[PDB]
Amino acid sequence: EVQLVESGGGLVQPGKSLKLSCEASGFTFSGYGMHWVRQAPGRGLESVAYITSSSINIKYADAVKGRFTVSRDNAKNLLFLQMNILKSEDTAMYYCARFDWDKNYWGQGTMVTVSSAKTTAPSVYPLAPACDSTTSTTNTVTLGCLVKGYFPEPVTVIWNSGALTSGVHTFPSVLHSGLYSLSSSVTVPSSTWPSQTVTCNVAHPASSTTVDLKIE
Amino acid sequence: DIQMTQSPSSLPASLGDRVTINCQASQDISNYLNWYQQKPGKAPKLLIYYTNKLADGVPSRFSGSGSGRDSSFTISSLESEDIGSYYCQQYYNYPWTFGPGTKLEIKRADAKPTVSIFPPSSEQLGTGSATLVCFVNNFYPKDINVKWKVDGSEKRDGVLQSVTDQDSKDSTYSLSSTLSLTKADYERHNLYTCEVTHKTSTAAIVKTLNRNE
Amino acid sequence: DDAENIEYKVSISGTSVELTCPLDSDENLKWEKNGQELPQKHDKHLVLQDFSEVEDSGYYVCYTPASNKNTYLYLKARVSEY
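In the PDB header, X-ray crystallography is given as the technique by which the entry was determined, and 4.10 Å as its resolution.

Following this line, the structure appears as structure tokens:
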């Protein structure tokens, strides 16, 4: 009912610019003070900026004090964050919020990533054995999918094009040499494979690459 | 500009027990302290406002306590859904100084990992790269540091361990170990091993794969 | 950088005594007549109709959950005194 929508984040190279734009719904926004908050992965939660109902008093968090600049349009119910001279500190997810005394309104948030790194498509390789591939564990073929060298995050791993989701395991992204890489276990009995198609559908957003490598 | 101390930053606890989290500010916050329940990827839910004061539709059990320069929080009897990160935050001055981040780990029974060893893909070997992989899935407790034995010799560098969060269906973890390299060093040895370092079984297990089969 | 939170404006018109707050309109604004909070009183302007030196006098605090700077304001007649 009191819906909020942070718009336009994504990648940027260092010391550049970005305008984040929240939309209000279901309230007298016109006359409500607003905040901008971030969750800097690992590093935790942080308040970013606060702007009053009439834009009379603006308050910034020490870290951004300067390079960042909050603003608002009370007609189109919009809260903007004007980030410039971006650092790798500024690599975080940003939410816009209405902070009441007892209530708390957060939006879905937009994920802002700041790196000098270039967009890289991923290497998709299958996984199955032949030496110590001793019959079946307890009657279970465990099968993998490797996603080498990709940037930036994220990447979706669909086993059997999303159908087979029964006993799957997709471990998180491991950043090494400025490039993330992930692994994905899928387990079915020996009755299911090689008998049936167990296709691994890897999908990257940035490079917009959609691999579908089946196993041998 | 204030500052928050959360203790602990991992609280593995059985279900239905007095789970306590502590918060501590620099100077006085005068009770203007909040508590949150950030589950998965998305937004943190407010639980307690002005320390003592419980928010709208927050389980009776959750109890915000402590005043002055300090504070605490207590799930009276930890239920299934209460699993996830907990945060304390202050509202005495802008910037709202936020707490570190306590994560609630659901204590479950013990589970033996299932070790799956994988040979670098044919297509990969062709590209130059020859990165190796091993999986250890559906296990509890948390603590394991699996090793790589390339022809009886433990390969220290070029390893990439990655662990999941507790599985929604059973609360058991998972682990993928990525032994990275090229044919330059790969084509030098033949027997490959995954060293399973866990209390879950009799001693410690391995799954081997010798190149020439 | 920008300028912060200003200070109170006590206007008096015979029967009434207006109280322009230092803050913004905010709606989430809380008004406190000495410890005892003010029932759904929210604009920057408070009109203390038919003021009494005993009943309407005292310590006043206008604060949003932002400028908890908890800036008092004395009254009766001589504002911001002992």
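Structure's up, so let's keep going.
For the structure on display, the rule yields 23 salt bridges over all chains. Among the salt bridges present, the one from A:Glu46 reaches A:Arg43, with a minimum N-O distance of 2.7 Å. Here B:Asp185 and B:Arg188 are joined by a salt bridge, their closest N and O atoms 3.4 Å apart. Classification of B:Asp185 by relative accessible area gives partly exposed; the value is 27%. For B:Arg188, a relative accessible area of 62% translates into the label exposed. Salt bridges sharing common partners tie together A:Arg38, A:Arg43, A:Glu46, A:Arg67 and A:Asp90.

Below, the discussion takes up the packing of aromatic side chains. Counting across every chain of the model gives 27 aromatic pairs over all chains. Taking 5.5 Å as the distance between ring centres and 70° as the angle between the ring planes, the aromatic pair formed by B:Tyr32 and B:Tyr91 counts as edge-to-face. In this pair, B:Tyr32 sits in the loop between β2 (19-24) and β3 (33-38) while B:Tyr91 sits in the loop between β7 (85-90) and β8 (102-106), placing the two residues 59 residues apart along the sequence. The buried category is assigned to B:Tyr32, whose relative accessible area is 8%. By relative accessible area, which is 4% here, B:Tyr91 ends up buried. An angle of 35° between the planes, with centres 5.5 Å apart, marks the rings of B:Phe73 and B:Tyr86 as tilted. Of this pair, B:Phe73 sits in strand β6 (residues 70-75) while B:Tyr86 sits in strand β7, and the two are 13 residues apart along the sequence. Side by side, B:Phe73 and B:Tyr86 carry an identical accessibility label, which is buried. Aromatic rings pair up to connect A:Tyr50, A:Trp101, B:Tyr32, B:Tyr50, B:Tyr91, B:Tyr92, B:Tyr94, B:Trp96 and C:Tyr63 into one cluster. Its guanidinium or amino end placed over the ring of A:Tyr32, A:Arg98 lies 4.0 Å from that ring's centre, counting from NZ or CZ. For the cation-ring pair, C:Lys30 lies above A:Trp101, with the distance from its terminal atom to the ring centre recorded as 4.6 Å.

A separate point is the interface of chain B and chain A. Taken together, the contacts link 52 residues of chain B with 50 residues of chain A. Carbon and sulfur atoms supply 63% of the area that chain B and chain A bury against each other, a total of about 3,900 Å² over both sides. Looking only at chain B, the three residues that lose the most surface to chain A are B:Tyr94, B:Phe98 and B:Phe118, adding up to 16% of its buried area. The tally of links from chain B across to chain A stands at two salt bridges. Between A:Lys103 and B:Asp56 there is a salt bridge; the shortest N-O distance is 3.7 Å. At the junction of chain B and chain A, the tally comes to 14 residue pairs in polar contact.

All names here are of chain A. Per the counting criterion, the structure on display carries five disulfides over all chains. The side chain of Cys22 participates in a disulfide bridge whose partner is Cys96; the two sulfur atoms lie 2.0 Å from each other. Because the torsion about its S-S bond is -55°, the bridge between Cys22 and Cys96 counts as left-handed. Taken together, the positions of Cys22 in strand β2 (residues 17-23) and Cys96 in strand β8 (residues 92-99) put the pair 74 residues apart, joining distant regions of the chain. Judged by relative accessible area, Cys22 falls into the buried class, the value being 1%. Covalent S-S linkage joins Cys145 and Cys200, the inter-sulfur distance amounting to 2.0 Å. The sign of the S-S torsion, about -100°, decides the handedness of the disulfide formed by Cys145 and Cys200: left-handed. You can see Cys145 sitting in strand β12 (residues 141-150) and its partner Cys200 sitting in strand β16 (residues 200-203), a full 55 residues away along the chain. Judged by relative accessible area, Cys145 falls into the buried class, the value being 2%. Across chain B, the way the bonded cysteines pair up, counted in sequence order, is 1-2, 3-4.

With that out of the way, let us pick up the interface of chain A and chain C. The partner chain C presents 17 residues to the 19 residues of chain A that form the contact. Buried area between chain A and chain C, both sides added, is near 1,400 Å², and the carbon and sulfur share of it is 42%. Where chain A meets chain C, there are one salt bridge. Measuring nitrogen to oxygen at the nearest pair gives 3.2 Å for the salt bridge that ties A:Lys59 to C:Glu4. Put simply, chain A and chain C have twelve residue pairs in polar contact between them. For the side of chain A that touches chain C, the secondary-structure elements that each account for two or more residues are β5 (58-60) and β8 of chain A.

Further remarks concern unusual backbone geometry. That bond from B:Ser7 to B:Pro8 is cis: its omega, 0°, falls within 30 degrees of zero. Of note, B:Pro8 is situated in the segment before β1 (11-13). Cis geometry is found at the peptide bond from B:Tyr140 to B:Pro141, where omega equals 10°. At A:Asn139, a residue that is not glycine, the phi angle is positive and equals roughly 100°. Within the secondary structure layout, A:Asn139 lies in the loop between β11 (123-127) and β12. Residue C:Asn70 is not a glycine yet carries a positive backbone phi of 40°.

Rules behind the numbers
Residues numbered from 1 in each chain as written, not as in the entry; some residues may be left out. Chains lettered and ligands numbered in written order. Heavy atoms only, no water. Residues with missing side-chain atoms left out of burial classes, pairs and counts. Salt bridge = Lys/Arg side-chain N within 4 Å of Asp/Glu carboxyl O. Buried < 20%, exposed > 50% of the residue type's maximum accessible area, 1.4 Å probe, protein only. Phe/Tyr/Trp six-rings, centres within 6.5 Å; stacked < 30°, edge-to-face > 60°. Helix = DSSP H or I, 4+ residues; strand = E, 2+ residues; numbered from the N terminus. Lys NZ or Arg CZ within 6 Å of the ring centre and 35° of its normal. Contact = heavy atoms within 4.5 Å. Buried area = accessible area lost by both parts, 1.4 Å probe. Polar contact = N/O pair within 3.5 Å; in protein donor to acceptor, adjacent residues only side chain to side chain. Disulfide = S-S within 2.5 Å.

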